[PDB]
Amino acid sequence: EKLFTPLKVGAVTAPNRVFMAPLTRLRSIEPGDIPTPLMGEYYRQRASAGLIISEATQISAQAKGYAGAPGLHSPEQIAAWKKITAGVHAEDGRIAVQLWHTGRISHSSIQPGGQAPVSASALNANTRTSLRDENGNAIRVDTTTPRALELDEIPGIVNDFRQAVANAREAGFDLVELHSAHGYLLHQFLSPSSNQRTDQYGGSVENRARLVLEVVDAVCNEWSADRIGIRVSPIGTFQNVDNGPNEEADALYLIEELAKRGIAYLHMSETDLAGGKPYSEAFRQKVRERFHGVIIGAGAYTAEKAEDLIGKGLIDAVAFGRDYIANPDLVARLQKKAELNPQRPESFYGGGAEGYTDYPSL
Ligand SMILES: Cc1cc2nc3c(=O)[nH]c(=O)nc-3n(C[C@H](O)[C@H](O)[C@H](O)COP(=O)(O)O)c2cc1C
Ligand SMILES: CC(=O)[C@H]1CC[C@H]2[C@@H]3CCC4=CC(=O)CC[C@]4(C)[C@H]3CC[C@]12C
């Protein structure tokens with residue numbers, strides 16, 4: 001089956017098209033937002049993936065929106081991630097780091113100085129984030145109303161993405177994935193629903209896409225375009241962030257701009273976990289004719305759907321999320337048509353080994 005055939009993805013070659021989606025698990029050490037040996041073990045268990053895309057990782061301390069999410073900005077974080085990439089490479093895997101700034105999906109209590117988080121504009125996300133209680137357990141909390149970034153703060157954001165990509169190179173990641181989806185900072189600028197700015201970073205689609213394209217250019221210049229992927233969720237609503245009244249045209253504009261940079265891949269998150277409308281094959285064809293790198297699809301895929309769309313030439317790979325949580329050897333299971341392990345969603349976020357490294361292989 002095409003699912004188990006190789007694929008060139010920028011600077012690396014995936015041996016199969018079964019990718020591990022980025023999956024926030026909120027198990028990092030605080031203080032310091034530091035990856036752990038347990039996280040290293042979890043990723044090593046999944047190293048047969050065509051590509052592992054890490055959990056979303058902070059570009060800076062300001063980027064933090066969830067207690068337990070790791071960073072890639074401090075020396076201690078870099079040191080810990082080096083162990084994780086080494087372990088994946090020891091098993092002949094490939095790993096990309098997903099890099100985010102959460103923007104307004106955050107809480108003042110985990111921001112520098114205990115201050116309001118930042119965004120394109122000053123309106124509340126009307127979403128929940130996850131903090132930790134006094135015993136270290138994950139709890140759901142309402143997001144804090146953000147402050148609009150000043151114009152003079154925007155270059156610093158771009159620089160933080162640049163620096164985090166430099167750090168990713170040092171840490172031995174194979175690729176980086178920019179988190180431009182799911183209502184986080186880059187998507188907050190992209191969407192008219194979250195961006196009411198009247199300067200060069202809001203209004204028109206060109207203005208709304210300006211920040212993400214500055215970030216893409218900065219990180220391509222820092223490392224290489226064949227090391228850079230981007231995740232978008234440009235059709236539908238994700239965590240209360242829609243894509244405005246011209247979502248298809250605006251998506252195609254962004255994709256045409258991304259193509260000019262010659263980046264490694266475009267990762268399309270197709271639906272929110274709470275549901276959304278399917279992509280049409282016509283839209284997939286419009287994306288395909290505008291982007292000349294790898295296209296990854298995600299969002300409640302089955303192997304059957306993946307094989308269908310890869311066979312139709314519309315996408316190149318599929319990222320599985322929850323099936324990868326529950327099946328470290330998902331590749332082997334799909335190749336052999338074996339049953340999958342049951343999921344335990346109660347242990348997706350926070351905690352320890354249970355519901356993390358205790359899902360068995362065949
Ligand atoms: C526990 C959990 C954590 C997730 N964390 C992230 C994340 O860090 N970054 C991201 O872009 N998407 C994240 N997602 C979305 C997944 O990458 C993926 O889009 C989602 O799993 C839908 O696909 P599925 O039906 O294969 O699980 C997460 C999803 C879940 C279930
Ligand atoms: C509603 C709620 O409990 C929050 C707390 C942690 C949140 C998740 C944290 C990780 C995450 C990252 C993404 O990019 C998509 C949304 C998700 C998957 C979030 C969905 C909403 C969650 C589950």
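Both ligands and their constituent atoms are indexed starting at 1 by order of listing. All values below come from the heavy atoms of this structure, side chains included, with hydrogens, waters and symmetry mates left out. By convention here, the first residue in the shown sequence is residue 1.
Between the side chains of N167 and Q163, at least one donor-acceptor pair of N or O atoms lies under 3.5 Å. Remark: the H101 side chain and the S60 side chain contain no N/O donor-acceptor pair separated by less than 3.5 Å. Under 3.5 Å, the side chains of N243 and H187 contain a donor-acceptor pair of N or O atoms.
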>> Could you go through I325 and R25, starting from their C-alpha distance and side-chain angles, then the distance that decides it, and tell me whether this counts as side chain to side chain contact (heavy atoms under 4.5 Å, CB included)?
In response: CA-CA 9 Å; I325 290 181; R25 306 300 303 279; 3.7 Å; yes
> Can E153 and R147 be said to form a salt bridge (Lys or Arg N to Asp or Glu O under 4.0 Å), step by step?
Replying inline: CA-CA 12 Å; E153 292 178 284; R147 175 180 67 81; 2.8 Å; yes
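Sorted by chain and number, the heavy-atom contacts of ligand 1 below 4.0 Å come from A21, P22, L23, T24, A56, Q98, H179, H182, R231, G299, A300, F320, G321, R322, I325, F348, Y349.
With respect to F173, the ring-ring contact (aromatic ring centres under 6.0 Å, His included) criterion is satisfied by exactly one of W81, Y43, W223: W81.
Annotation: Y324 is not in aromatic contact with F320 [ring centroid separation under 6.0 Å not met].
Looking at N16, its side chain does come within 3.5 Å of a backbone N or O of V18 through a donor-acceptor pair.
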Between ligand 2 and the protein, which N/O pairs fall short of 3.5 Å?
| unit_1 | atom_1 | unit_2 | atom_2 | d |
| --- | --- | --- | --- | --- |
| ligand 2 | 3 (O) | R140 | NE | 2.8 |
| ligand 2 | 14 (O) | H179 | NE2 | 3.0 |
| ligand 2 | 14 (O) | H182 | ND1 | 2.9 |

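Look at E41 and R44 and you find no salt bridge, because none of the NZ, NE, NH1 or NH2 atoms lies under 4.0 Å from a carboxylate O.
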